[PDB]
file entry01.json (JSON, C-alpha atoms)
[["chain", "number", "residue", "atom", "x", "y", "z"],
["A", 1, "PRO", "CA", 182.04, 84.60, 103.17],
["A", 2, "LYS", "CA", 180.07, 86.70, 105.66],
["A", 3, "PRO", "CA", 179.82, 90.43, 104.83],
["A", 4, "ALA", "CA", 182.16, 93.00, 106.19],
["A", 5, "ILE", "CA", 179.48, 95.61, 105.79],
["A", 6, "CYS", "CA", 175.99, 96.20, 104.35],
["A", 7, "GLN", "CA", 174.79, 99.55, 103.09],
["A", 8, "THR", "CA", 171.17, 100.36, 102.26],
["A", 9, "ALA", "CA", 170.30, 102.94, 99.63],
["A", 10, "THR", "CA", 167.16, 104.42, 98.04],
["A", 11, "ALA", "CA", 167.00, 106.44, 94.82],
["A", 12, "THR", "CA", 164.59, 107.96, 92.28],
["A", 13, "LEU", "CA", 165.63, 106.85, 88.80],
["A", 14, "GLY", "CA", 163.42, 108.85, 86.43],
["A", 15, "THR", "CA", 160.19, 108.26, 84.56],
["A", 16, "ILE", "CA", 158.79, 105.66, 82.12],
["A", 17, "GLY", "CA", 157.64, 107.53, 79.01],
["A", 18, "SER", "CA", 154.58, 106.74, 76.90],
["A", 19, "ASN", "CA", 154.56, 104.32, 73.93],
["A", 20, "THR", "CA", 154.12, 105.51, 70.33],
["A", 21, "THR", "CA", 155.16, 102.49, 68.21],
["A", 22, "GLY", "CA", 152.69, 100.02, 69.55],
["A", 23, "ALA", "CA", 155.51, 97.53, 69.70],
["A", 24, "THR", "CA", 158.01, 96.82, 72.49],
["A", 25, "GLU", "CA", 160.06, 99.82, 73.55],
["A", 26, "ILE", "CA", 162.76, 99.88, 76.20],
["A", 27, "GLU", "CA", 162.44, 102.64, 78.77],
["A", 28, "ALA", "CA", 165.16, 101.87, 81.32],
["A", 29, "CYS", "CA", 168.19, 99.67, 81.88],
["A", 30, "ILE", "CA", 169.58, 99.86, 85.43],
["A", 31, "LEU", "CA", 173.04, 98.41, 86.23],
["A", 32, "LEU", "CA", 173.34, 97.24, 89.86],
["A", 33, "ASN", "CA", 177.17, 96.85, 90.07],
["A", 34, "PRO", "CA", 178.17, 99.19, 92.96],
["A", 35, "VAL", "CA", 180.70, 101.14, 90.90],
["A", 36, "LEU", "CA", 178.19, 101.55, 88.03],
["A", 37, "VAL", "CA", 175.18, 103.17, 89.75],
["A", 38, "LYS", "CA", 175.26, 106.93, 89.22],
["A", 39, "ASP", "CA", 175.44, 109.54, 91.99],
["A", 40, "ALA", "CA", 173.29, 112.48, 90.80],
["A", 41, "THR", "CA", 170.26, 114.44, 91.81],
["A", 42, "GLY", "CA", 167.74, 111.94, 92.99],
["A", 43, "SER", "CA", 170.39, 109.35, 93.72],
["A", 44, "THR", "CA", 172.79, 110.89, 96.28],
["A", 45, "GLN", "CA", 172.45, 107.85, 98.46],
["A", 46, "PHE", "CA", 174.55, 105.92, 95.86],
["A", 47, "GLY", "CA", 177.67, 107.90, 96.87],
["A", 48, "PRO", "CA", 178.55, 105.54, 99.71],
["A", 49, "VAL", "CA", 177.73, 102.56, 97.50],
["A", 50, "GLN", "CA", 180.31, 103.56, 94.90],
["A", 51, "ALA", "CA", 182.80, 104.25, 97.68],
["A", 52, "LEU", "CA", 182.44, 100.78, 99.19],
["A", 53, "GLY", "CA", 182.55, 99.19, 95.73],
["A", 54, "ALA", "CA", 185.92, 100.82, 95.19],
["A", 55, "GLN", "CA", 187.30, 99.56, 98.50],
["A", 56, "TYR", "CA", 186.06, 95.97, 98.58],
["A", 57, "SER", "CA", 186.44, 93.20, 96.03],
["A", 58, "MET", "CA", 183.22, 91.15, 96.34],
["A", 59, "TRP", "CA", 179.60, 92.46, 96.43],
["A", 60, "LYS", "CA", 176.09, 91.06, 96.64],
["A", 61, "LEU", "CA", 172.52, 92.27, 97.13],
["A", 62, "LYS", "CA", 170.47, 91.55, 100.25],
["A", 63, "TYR", "CA", 167.23, 92.46, 98.43],
["A", 64, "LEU", "CA", 165.90, 94.63, 95.63],
["A", 65, "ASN", "CA", 162.56, 96.48, 95.51],
["A", 66, "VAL", "CA", 161.59, 98.48, 92.40],
["A", 67, "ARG", "CA", 158.48, 100.63, 92.96],
["A", 68, "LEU", "CA", 156.36, 101.98, 90.10],
["A", 69, "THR", "CA", 154.16, 105.00, 90.90],
["A", 70, "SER", "CA", 151.44, 105.94, 88.41],
["A", 71, "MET", "CA", 151.88, 109.47, 87.15],
["A", 72, "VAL", "CA", 148.52, 109.40, 85.27],
["A", 73, "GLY", "CA", 145.14, 107.90, 86.06],
["A", 74, "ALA", "CA", 143.42, 105.01, 84.24],
["A", 75, "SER", "CA", 140.53, 107.35, 83.49],
["A", 76, "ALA", "CA", 142.99, 109.38, 81.45],
["A", 77, "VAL", "CA", 145.04, 106.84, 79.44],
["A", 78, "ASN", "CA", 144.58, 103.40, 78.01],
["A", 79, "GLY", "CA", 146.41, 100.87, 75.88],
["A", 80, "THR", "CA", 149.86, 100.38, 77.46],
["A", 81, "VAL", "CA", 151.44, 97.65, 79.61],
["A", 82, "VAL", "CA", 154.76, 98.09, 81.45],
["A", 83, "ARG", "CA", 157.02, 95.13, 82.21],
["A", 84, "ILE", "CA", 159.78, 95.19, 84.84],
["A", 85, "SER", "CA", 162.31, 92.40, 84.43],
["A", 86, "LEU", "CA", 165.58, 91.01, 85.81],
["A", 87, "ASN", "CA", 168.41, 90.59, 83.29],
["A", 88, "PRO", "CA", 170.77, 88.33, 85.28],
["A", 89, "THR", "CA", 174.03, 88.90, 83.34],
["A", 90, "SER", "CA", 173.33, 92.37, 81.90],
["A", 91, "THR", "CA", 173.64, 91.00, 78.37],
["A", 92, "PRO", "CA", 171.51, 92.39, 75.54],
["A", 93, "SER", "CA", 168.80, 90.05, 74.28],
["A", 94, "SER", "CA", 167.26, 89.51, 70.89],
["A", 95, "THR", "CA", 164.03, 87.92, 72.02],
["A", 96, "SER", "CA", 161.94, 91.01, 72.71],
["A", 97, "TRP", "CA", 158.69, 90.75, 74.55],
["A", 98, "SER", "CA", 158.19, 87.02, 74.74],
["A", 99, "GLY", "CA", 161.76, 86.55, 76.00],
["A", 100, "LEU", "CA", 161.11, 89.10, 78.74],
["A", 101, "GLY", "CA", 158.23, 86.87, 79.78],
["A", 102, "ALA", "CA", 160.61, 84.03, 80.51],
["A", 103, "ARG", "CA", 162.57, 86.10, 83.04],
["A", 104, "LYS", "CA", 161.37, 86.95, 86.53],
["A", 105, "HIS", "CA", 159.10, 89.89, 85.86],
["A", 106, "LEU", "CA", 156.19, 92.10, 86.87],
["A", 107, "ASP", "CA", 153.58, 93.65, 84.56],
["A", 108, "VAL", "CA", 151.64, 96.74, 85.65],
["A", 109, "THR", "CA", 148.75, 98.35, 83.79],
["A", 110, "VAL", "CA", 148.79, 102.08, 83.18],
["A", 111, "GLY", "CA", 147.20, 104.00, 86.04],
["A", 112, "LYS", "CA", 148.22, 101.41, 88.65],
["A", 113, "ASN", "CA", 150.89, 101.29, 91.39],
["A", 114, "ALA", "CA", 153.21, 98.34, 92.07],
["A", 115, "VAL", "CA", 156.37, 97.02, 93.73],
["A", 116, "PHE", "CA", 158.68, 94.44, 92.12],
["A", 117, "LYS", "CA", 160.25, 92.57, 95.08],
["A", 118, "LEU", "CA", 163.25, 90.26, 94.60],
["A", 119, "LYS", "CA", 164.68, 87.70, 96.98],
["A", 120, "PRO", "CA", 168.43, 87.18, 97.56],
["A", 121, "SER", "CA", 168.22, 83.81, 95.77],
["A", 122, "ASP", "CA", 167.20, 85.71, 92.62],
["A", 123, "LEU", "CA", 170.28, 87.95, 92.78],
["A", 124, "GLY", "CA", 173.18, 85.72, 93.86],
["A", 125, "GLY", "CA", 176.53, 85.60, 92.18],
["A", 126, "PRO", "CA", 178.63, 82.68, 91.10],
["A", 127, "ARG", "CA", 181.20, 82.94, 93.90],
["A", 128, "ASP", "CA", 179.15, 81.23, 96.54],
["A", 129, "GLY", "CA", 176.65, 84.00, 96.17],
["A", 130, "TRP", "CA", 179.00, 86.92, 95.43],
["A", 131, "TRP", "CA", 179.99, 89.00, 92.42],
["A", 132, "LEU", "CA", 183.34, 90.65, 91.82],
["A", 133, "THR", "CA", 183.63, 94.42, 92.07],
["A", 134, "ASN", "CA", 186.48, 95.16, 89.57],
["A", 135, "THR", "CA", 184.97, 95.78, 86.12],
["A", 136, "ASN", "CA", 188.17, 94.78, 84.29],
["A", 137, "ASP", "CA", 187.69, 91.09, 85.12],
["A", 138, "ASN", "CA", 185.96, 88.37, 83.14],
["A", 139, "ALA", "CA", 182.45, 89.73, 82.82],
["A", 140, "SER", "CA", 180.44, 86.68, 83.85],
["A", 141, "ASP", "CA", 181.73, 87.30, 87.37],
["A", 142, "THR", "CA", 181.64, 91.12, 87.59],
["A", 143, "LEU", "CA", 178.63, 92.86, 86.14],
["A", 144, "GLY", "CA", 175.87, 91.02, 87.92],
["A", 145, "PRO", "CA", 172.17, 91.64, 87.33],
["A", 146, "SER", "CA", 170.23, 94.48, 85.71],
["A", 147, "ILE", "CA", 166.65, 95.80, 85.90],
["A", 148, "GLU", "CA", 164.99, 96.52, 82.55],
["A", 149, "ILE", "CA", 161.66, 98.26, 81.96],
["A", 150, "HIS", "CA", 159.79, 97.83, 78.66],
["A", 151, "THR", "CA", 156.39, 99.04, 77.40],
["A", 152, "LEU", "CA", 153.93, 97.28, 75.06],
["A", 153, "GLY", "CA", 150.95, 98.93, 73.35],
["A", 154, "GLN", "CA", 150.26, 102.46, 72.10],
["A", 155, "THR", "CA", 149.41, 104.94, 74.87],
["A", 156, "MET", "CA", 146.12, 106.66, 73.97],
["A", 157, "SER", "CA", 144.35, 109.56, 75.68],
["A", 158, "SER", "CA", 141.29, 107.75, 76.94],
["A", 159, "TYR", "CA", 138.90, 110.55, 75.80],
["A", 160, "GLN", "CA", 139.93, 111.55, 72.26],
["A", 161, "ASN", "CA", 141.82, 108.28, 71.59],
["A", 162, "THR", "CA", 144.72, 110.38, 70.30],
["A", 163, "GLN", "CA", 148.42, 109.83, 71.02],
["A", 164, "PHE", "CA", 149.38, 110.62, 74.60],
["A", 165, "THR", "CA", 152.78, 112.25, 75.30],
["A", 166, "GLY", "CA", 154.16, 112.25, 78.81],
["A", 167, "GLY", "CA", 155.33, 110.09, 81.65],
["A", 168, "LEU", "CA", 153.39, 107.06, 82.83],
["A", 169, "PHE", "CA", 155.35, 106.00, 85.94],
["A", 170, "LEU", "CA", 157.97, 107.22, 88.37],
["A", 171, "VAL", "CA", 160.73, 104.71, 89.18],
["A", 172, "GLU", "CA", 162.07, 104.35, 92.71],
["A", 173, "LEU", "CA", 164.64, 101.67, 93.62],
["A", 174, "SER", "CA", 165.53, 100.44, 97.10],
["A", 175, "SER", "CA", 168.24, 97.87, 97.88],
["A", 176, "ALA", "CA", 171.15, 96.96, 100.16],
["A", 177, "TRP", "CA", 174.67, 96.17, 98.88],
["A", 178, "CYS", "CA", 176.86, 93.83, 100.94],
["A", 179, "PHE", "CA", 180.69, 93.91, 100.61],
["A", 180, "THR", "CA", 183.62, 91.70, 101.59],
["A", 181, "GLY", "CA", 187.31, 91.27, 100.72],
["A", 182, "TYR", "CA", 189.75, 94.15, 100.36],
["A", 183, "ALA", "CA", 190.33, 95.87, 97.03],
["A", 184, "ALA", "CA", 193.89, 95.10, 95.98],
["A", 185, "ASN", "CA", 193.69, 98.57, 94.47],
["A", 186, "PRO", "CA", 190.91, 100.83, 95.58],
["A", 187, "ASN", "CA", 190.91, 102.94, 92.34],
["A", 188, "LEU", "CA", 188.67, 105.63, 93.94],
["A", 189, "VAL", "CA", 187.11, 105.46, 90.73],
["A", 190, "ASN", "CA", 184.71, 108.21, 89.49],
["A", 191, "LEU", "CA", 183.36, 106.51, 86.35],
["A", 192, "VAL", "CA", 181.55, 108.93, 84.01],
["A", 193, "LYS", "CA", 177.77, 108.60, 83.63],
["A", 194, "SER", "CA", 175.98, 111.10, 81.46],
["A", 195, "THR", "CA", 173.29, 111.75, 78.85],
["A", 196, "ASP", "CA", 173.40, 113.21, 75.34],
["A", 197, "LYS", "CA", 169.88, 114.65, 74.97],
["A", 198, "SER", "CA", 169.87, 114.57, 71.15],
["A", 199, "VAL", "CA", 172.47, 113.37, 68.64],
["A", 200, "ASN", "CA", 172.50, 111.90, 65.10],
["A", 201, "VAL", "CA", 173.89, 108.38, 64.77],
["A", 202, "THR", "CA", 174.76, 106.24, 61.75],
["A", 203, "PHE", "CA", 175.89, 102.63, 61.36],
["A", 204, "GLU", "CA", 178.25, 101.09, 58.83],
["A", 205, "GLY", "CA", 179.32, 97.54, 58.15],
["A", 206, "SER", "CA", 179.85, 94.99, 55.41],
["A", 207, "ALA", "CA", 179.74, 91.20, 55.17],
["A", 208, "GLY", "CA", 182.39, 89.81, 57.51],
["A", 209, "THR", "CA", 183.34, 93.17, 58.96],
["A", 210, "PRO", "CA", 182.61, 94.90, 62.30],
["A", 211, "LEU", "CA", 179.50, 96.96, 62.95],
["A", 212, "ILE", "CA", 180.58, 100.58, 63.48],
["A", 213, "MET", "CA", 178.70, 103.45, 65.13],
["A", 214, "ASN", "CA", 179.32, 107.04, 63.98],
["A", 215, "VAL", "CA", 178.70, 110.00, 66.31],
["A", 216, "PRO", "CA", 179.19, 113.70, 65.37],
["A", 217, "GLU", "CA", 182.61, 114.93, 66.43],
["A", 218, "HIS", "CA", 181.49, 117.65, 68.85],
["A", 219, "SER", "CA", 178.58, 115.86, 70.51],
["A", 220, "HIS", "CA", 178.71, 115.65, 74.30],
["A", 221, "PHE", "CA", 179.06, 111.86, 74.03],
["A", 222, "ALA", "CA", 181.84, 111.93, 71.44],
["A", 223, "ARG", "CA", 183.40, 114.65, 73.56],
["A", 224, "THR", "CA", 183.32, 112.73, 76.86],
["A", 225, "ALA", "CA", 184.44, 109.42, 75.33],
["A", 226, "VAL", "CA", 187.57, 110.99, 73.80],
["A", 227, "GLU", "CA", 188.51, 112.75, 77.06],
["A", 228, "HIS", "CA", 187.98, 109.68, 79.24],
["A", 229, "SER", "CA", 188.85, 106.77, 76.91],
["A", 230, "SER", "CA", 192.05, 105.05, 78.03],
["A", 231, "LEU", "CA", 194.99, 105.75, 75.76],
["A", 232, "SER", "CA", 195.93, 102.07, 76.00],
["A", 233, "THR", "CA", 194.49, 100.04, 73.13],
["A", 234, "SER", "CA", 194.19, 96.71, 71.32],
["A", 235, "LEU", "CA", 193.92, 95.42, 67.75],
["A", 236, "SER", "CA", 190.98, 93.45, 66.42],
["A", 237, "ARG", "CA", 191.13, 90.94, 63.83],
["A", 238, "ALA", "CA", 193.31, 92.00, 60.94],
["A", 239, "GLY", "CA", 194.68, 95.10, 59.34],
["A", 240, "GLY", "CA", 192.55, 96.09, 61.87],
["A", 241, "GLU", "CA", 191.93, 99.26, 63.63],
["A", 242, "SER", "CA", 192.94, 100.01, 67.14],
["A", 243, "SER", "CA", 190.37, 100.63, 69.86],
["A", 244, "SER", "CA", 190.48, 102.04, 73.39],
["A", 245, "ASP", "CA", 190.45, 99.56, 76.24],
["A", 246, "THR", "CA", 187.71, 101.69, 77.81],
["A", 247, "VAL", "CA", 184.18, 100.35, 77.21],
["A", 248, "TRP", "CA", 180.93, 102.35, 77.31],
["A", 249, "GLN", "CA", 177.39, 101.06, 77.69],
["A", 250, "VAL", "CA", 174.92, 102.97, 75.50],
["A", 251, "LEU", "CA", 171.13, 103.05, 75.96],
["A", 252, "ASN", "CA", 168.80, 104.72, 73.43],
["A", 253, "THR", "CA", 165.27, 105.68, 74.49],
["A", 254, "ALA", "CA", 164.56, 107.88, 71.46],
["A", 255, "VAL", "CA", 161.89, 105.89, 69.61],
["A", 256, "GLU", "CA", 164.11, 104.29, 64.43],
["A", 257, "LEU", "CA", 167.65, 103.23, 63.58],
["A", 258, "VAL", "CA", 168.60, 100.76, 60.83],
["A", 259, "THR", "CA", 171.78, 98.72, 60.74],
["A", 260, "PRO", "CA", 173.63, 96.27, 58.53],
["A", 261, "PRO", "CA", 172.23, 92.80, 59.06],
["A", 262, "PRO", "CA", 171.91, 90.85, 61.26],
["A", 263, "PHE", "CA", 171.82, 93.52, 63.95],
["A", 264, "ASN", "CA", 168.37, 95.16, 63.60],
["A", 265, "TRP", "CA", 167.44, 93.32, 66.79],
["A", 266, "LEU", "CA", 170.23, 94.99, 68.79],
["A", 267, "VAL", "CA", 169.52, 98.64, 68.06],
["A", 268, "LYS", "CA", 165.78, 97.98, 68.43],
["A", 269, "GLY", "CA", 166.59, 96.42, 71.78],
["A", 270, "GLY", "CA", 167.91, 99.86, 72.65],
["A", 271, "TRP", "CA", 171.27, 99.15, 74.33],
["A", 272, "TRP", "CA", 174.73, 97.79, 73.50],
["A", 273, "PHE", "CA", 178.44, 98.29, 74.25],
["A", 274, "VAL", "CA", 180.99, 100.40, 72.35],
["A", 275, "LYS", "CA", 184.73, 101.06, 72.20],
["A", 276, "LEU", "CA", 186.17, 104.21, 70.61],
["A", 277, "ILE", "CA", 188.14, 103.57, 67.38],
["A", 278, "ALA", "CA", 191.51, 105.21, 66.90],
["A", 279, "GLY", "CA", 191.21, 107.63, 64.02],
["A", 280, "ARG", "CA", 192.31, 111.02, 62.75],
["A", 281, "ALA", "CA", 189.25, 111.35, 62.38],
["A", 282, "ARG", "CA", 187.36, 112.00, 60.09],
["A", 283, "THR", "CA", 185.78, 111.66, 57.79],
["A", 284, "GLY", "CA", 183.43, 113.73, 59.64],
["A", 285, "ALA", "CA", 182.61, 111.92, 62.85],
["A", 286, "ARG", "CA", 184.05, 109.88, 65.71],
["A", 287, "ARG", "CA", 183.74, 106.16, 65.29],
["A", 288, "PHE", "CA", 182.92, 103.28, 67.61],
["A", 289, "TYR", "CA", 183.01, 99.50, 67.37],
["A", 290, "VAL", "CA", 179.78, 97.89, 68.62],
["A", 291, "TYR", "CA", 179.81, 94.82, 70.90],
["A", 292, "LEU", "CA", 177.08, 92.31, 71.70],
["A", 293, "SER", "CA", 178.21, 91.94, 75.33],
["A", 294, "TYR", "CA", 180.61, 93.25, 77.93],
["A", 295, "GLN", "CA", 182.83, 90.17, 77.72],
["A", 296, "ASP", "CA", 182.88, 90.52, 73.90],
["A", 297, "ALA", "CA", 184.10, 94.13, 74.37],
["A", 298, "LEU", "CA", 186.73, 93.20, 77.00],
["A", 299, "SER", "CA", 187.95, 90.46, 74.59],
["A", 300, "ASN", "CA", 187.98, 92.69, 71.46],
["A", 301, "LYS", "CA", 185.33, 90.64, 69.62],
["A", 302, "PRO", "CA", 183.04, 93.13, 67.80],
["A", 303, "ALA", "CA", 179.71, 92.37, 66.22],
["A", 304, "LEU", "CA", 180.37, 91.09, 62.71],
["A", 305, "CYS", "CA", 177.91, 92.07, 59.97],
["A", 306, "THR", "CA", 176.44, 89.70, 57.37],
["A", 307, "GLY", "CA", 176.05, 92.48, 54.81],
["A", 308, "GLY", "CA", 176.09, 96.18, 53.99],
["A", 309, "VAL", "CA", 173.68, 98.77, 55.32],
["A", 310, "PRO", "CA", 170.37, 98.61, 53.42],
["A", 311, "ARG", "CA", 167.09, 111.22, 66.19],
["A", 312, "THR", "CA", 168.48, 109.60, 69.40],
["A", 313, "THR", "CA", 168.74, 110.40, 73.11],
["A", 314, "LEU", "CA", 171.69, 108.39, 74.45],
["A", 315, "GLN", "CA", 172.34, 107.57, 78.11],
["A", 316, "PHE", "CA", 175.87, 106.24, 78.57],
["A", 317, "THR", "CA", 177.99, 104.69, 81.32],
["A", 318, "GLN", "CA", 181.75, 104.29, 81.43],
["A", 319, "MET", "CA", 182.10, 100.63, 82.37],
["A", 320, "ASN", "CA", 185.75, 100.69, 82.69],
["A", 321, "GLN", "CA", 188.97, 102.28, 83.86],
["A", 322, "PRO", "CA", 191.96, 100.40, 82.51],
["A", 323, "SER", "CA", 194.47, 100.01, 84.87],
["A", 324, "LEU", "CA", 193.46, 97.24, 86.80]]

call {"tool": "encode", "arguments": {"input": "entry01.json", "output": "structure tokens"}}
result
Amino acid sequence: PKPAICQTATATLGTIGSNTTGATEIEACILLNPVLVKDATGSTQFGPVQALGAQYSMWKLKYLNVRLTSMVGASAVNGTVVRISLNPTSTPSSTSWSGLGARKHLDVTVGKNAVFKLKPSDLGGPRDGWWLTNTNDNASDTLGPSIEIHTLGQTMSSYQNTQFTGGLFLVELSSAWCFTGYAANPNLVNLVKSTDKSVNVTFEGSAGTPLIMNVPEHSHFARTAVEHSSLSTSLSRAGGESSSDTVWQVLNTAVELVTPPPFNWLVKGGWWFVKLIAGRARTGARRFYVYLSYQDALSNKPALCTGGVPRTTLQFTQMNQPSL
């Protein structure tokens, strides 16, 4: 399949903040699916990309350059390493830093400038190179790759050796999306992408039962999910509560949440998928099933806890518009 059309785009995606744990922290997670990039200030060039993604059925990338620009000199700060990596299926990983080293990646030391260049062979989809555009399909064929940025090592003011607060790098992305095949339904889609600057989250679960995320009822995120979550639903499991067919990806860059086992790795990884639970509800907050992957969410297979349970800035993306 040769492309019908190829569209280049360039965007500024925000800053990589400094490290306070000393351990691995996630600082960005960038979906490349053409209907999932967000058109906002700094990214207006993604408007056409979304439009094409809604009108064609197959996409691929010609290339992908991610540029890191130092916002702070090496005379000033010390101690932190930044790792840019390619997540090929956009599926959360439990392997932390050493796993990131297995993927195609670039490390840059604080106070330095760099460009992570990717060849088409690194990005290709399973349909003779292509991915599918419609995010209601089987996920292994739709979502395609993601760029993740992680930091390792406490960021210290190089003079007083105290904790440094502030941005280390500016992220700029440049790529070109190719499209072919005609959307059976264009969908015109307008998927919500927003941020909830501060909100309090809790987790409940029990042995054999689904991990649940609670969000206060009048938070911006709880608000937006209830407005935009499809009224069509499904039933998990048994007895077993109904959940919207609309999925949301959640990414937490606020530095520390605890969960029922075995899912400490997931919340520390910083991003997962959720579906809104049907409730009254009550008691207090809105409630969300948590999912280990997009296909798990599409298939109504939530994360199942091994036991009971022993502050955040959320960035969220509507993955989904059910009807299909």

call {"tool": "closest_residue", "arguments": {"input": "entry01.json", "among": "A:23, A:147, A:235, A:32", "to": "residue 176 (chain A)", "atoms": "only C-alpha atoms"}}
result
A:32

call {"tool": "residues_around", "arguments": {"input": "entry01.json", "residues": "residue 49 (chain A)", "least_positions_apart": "4", "cutoff": "9 Å", "atoms": "all atoms listed in the file", "output": "ChimeraX atom specification"}}
result
/A:7-9,34-35,37,45,53-54,177

call {"tool": "write_last_selection", "arguments": {"input": "entry01.json", "atoms": "C-alpha atoms", "output": "short mmCIF file (atom, residue, chain, number, x, y, z; two decimals), keeping the file's coordinate frame"}}
result
data_model
loop_
_atom_site.label_atom_id
_atom_site.label_comp_id
_atom_site.auth_asym_id
_atom_site.auth_seq_id
_atom_site.Cartn_x
_atom_site.Cartn_y
_atom_site.Cartn_z
CA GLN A 7 174.79 99.55 103.09
CA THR A 8 171.17 100.36 102.26
CA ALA A 9 170.30 102.94 99.63
CA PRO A 34 178.17 99.19 92.96
CA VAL A 35 180.70 101.14 90.90
CA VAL A 37 175.18 103.17 89.75
CA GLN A 45 172.45 107.85 98.46
CA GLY A 53 182.55 99.19 95.73
CA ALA A 54 185.92 100.82 95.19
CA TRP A 177 174.67 96.17 98.88
#

call {"tool": "closest_residue", "arguments": {"input": "entry01.json", "among": "A:252, A:236, A:229, A:43", "to": "residue 210 (chain A)", "atoms": "all atoms listed in the file"}}
result
A:236

call {"tool": "closest_residue", "arguments": {"input": "entry01.json", "among": "A:178, A:74, A:36, A:303", "to": "residue 5 (chain A)", "atoms": "all atoms listed in the file"}}
result
A:178

call {"tool": "residues_around", "arguments": {"input": "entry01.json", "residues": "residue 183 (chain A)", "least_positions_apart": "6", "cutoff": "6 Å", "atoms": "only C-alpha atoms", "output": "ChimeraX atom specification"}}
result
/A:55-57

call {"tool": "atom_distance", "arguments": {"input": "entry01.json", "atom1": "CA of residue 94 (chain A)", "atom2": "CA of residue 269 (chain A)"}}
result
7.0 Å

call {"tool": "residues_around", "arguments": {"input": "entry01.json", "residues": "residue 259 (chain A)", "least_positions_apart": "6", "cutoff": "8 Å", "atoms": "all atoms listed in the file", "output": "list in words"}}
result
residues 203, 204, 267, 309 and 310 of chain A

call {"tool": "closest_atom_pairs", "arguments": {"input": "entry01.json", "of": "region 66-91 of chain A", "to": "region 285-299 of chain A", "cutoff": "10 Å", "atoms": "all atoms listed in the file", "output": "JSON lines"}}
result
{"residue": "A:89", "atom": "CA", "partner": "A:293", "partner_atom": "CA", "distance": 9.5}
{"residue": "A:90", "atom": "CA", "partner": "A:293", "partner_atom": "CA", "distance": 8.2}
{"residue": "A:91", "atom": "CA", "partner": "A:293", "partner_atom": "CA", "distance": 5.6}

call {"tool": "residues_around", "arguments": {"input": "entry01.json", "residues": "region 214-227 of chain A", "least_positions_apart": "3", "cutoff": "9 Å", "atoms": "all atoms listed in the file", "output": "VMD selection string"}}
result
chain A and resid 192 194 to 204 230 246 248 275 to 276 281 to 282 284 to 288 314 to 316 318

call {"tool": "closest_residue", "arguments": {"input": "entry01.json", "among": "A:29, A:168, A:51, A:64", "to": "residue 124 (chain A)", "atoms": "only C-alpha atoms"}}
result
A:64

call {"tool": "closest_residue", "arguments": {"input": "entry01.json", "among": "A:278, A:48, A:17, A:11", "to": "residue 72 (chain A)", "atoms": "only C-alpha atoms"}}
result
A:17

call {"tool": "closest_residue", "arguments": {"input": "entry01.json", "among": "A:139, A:31, A:247, A:173", "to": "residue 117 (chain A)", "atoms": "all atoms listed in the file"}}
result
A:173

call {"tool": "residues_around", "arguments": {"input": "entry01.json", "residues": "residue 256 (chain A)", "least_positions_apart": "6", "cutoff": "9 Å", "atoms": "all atoms listed in the file", "output": "ChimeraX atom specification"}}
result
/A:267-268,311-312

call {"tool": "atom_distance", "arguments": {"input": "entry01.json", "atom1": "CA of residue 305 (chain A)", "atom2": "CA of residue 264 (chain A)"}}
result
10.7 Å

call {"tool": "axis_aligned_box", "arguments": {"input": "entry01.json", "around": "region 144-159 of chain A", "padding_each_side": "6 Å", "output": "lines of an AutoDock Vina configuration file"}}
result
center_x = 157.4
center_y = 100.8
center_z = 80.0
size_x = 49.0
size_y = 31.5
size_z = 27.8
